[PDB]
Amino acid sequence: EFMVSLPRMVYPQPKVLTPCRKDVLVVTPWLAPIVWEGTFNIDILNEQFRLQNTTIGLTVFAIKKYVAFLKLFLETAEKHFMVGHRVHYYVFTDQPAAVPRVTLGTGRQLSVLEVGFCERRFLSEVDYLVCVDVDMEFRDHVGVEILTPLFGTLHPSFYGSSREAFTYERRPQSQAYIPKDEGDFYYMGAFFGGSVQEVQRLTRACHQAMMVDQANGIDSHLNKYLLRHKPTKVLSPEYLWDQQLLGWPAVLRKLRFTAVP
């Protein structure tokens, strides 16, 4: 947590009286950045994170037919995800032998964990955990701009919607319940992350709430958690897109991580 000085760097002076983007919200009401292209200088951020020797874990579950998505997912992650930084891929799968042999860049590693003491394993191996769906591909840069204690990503189908249209859990009997007059954003579970400690907090809360609903005979739990524990960054839909369903709107300067058609 002691941080060394940055080196001399040459880049354009930020302009106090020029908004960064005039077409989108770039900060939430609790002062968390909303990550859009144009908001960050990746050279500055790369320096800051490299100087801390940052390691990023990327976790994916690939069960049954979803193993078929791993080759493209990992090949494209190699091109676009945290390039230059230490990356540990964690692939959770029922088919260890079906994980494709993907060639990795230096400083990058992959663990296969079979699914039908180790939570501490993430704590000792990585600084940040990023949790994504495997039936996706990277098409453009996804880097250290996303890293923060806790982040969620705007659901691409709902970023322009009013909160009453959000498909939050609406049954008051559920632990996930959000009433019509509450809600900041509609976050999608396909891309979230943060420090290991904050990600483990989130998944522990979600698991307990789901068990409680289960006992009572009942994205919703994620959305409840992030309502009540505000993320320290929010990722724009550049980070979670479906071009076939939604096209390429002008508000998206890049399409970084997308559904496979």
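Start at 1 and count along the sequence shown; that's the residue number.
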Size class of the missing deposited segment between residue 42 and residue 43: none
Unresolved deposited residues lying between neighbours residue 116 and residue 117: 10 or more
Mean C-alpha temperature factor, higher of 164-172 and 132-140: 164-172
Stretch with the higher entry mean CA B-factor, where the candidates are 16-24 and 237-245: 16-24
Top residue by Cα temperature factor, when 85, 88, 79, 120 are compared in the entry: 120
Peak C-alpha temperature factor (PDB record), options 124, 153, 148, 93: 124
Third of the chain's Cα B-factor distribution that residue 33 belongs to, per the entry: lowest
Position of residue 184 among the chain's modelled residues by C-alpha B-factor, lowest, middle or highest third: lowest
Within-chain third of residue 6 by Cα B-factor, per the entry: middle
Cα B factor band for residue 52 (lowest, middle or highest third within the chain): highest
CA B-factor ranking of residue 192, expressed as a third of its chain: lowest
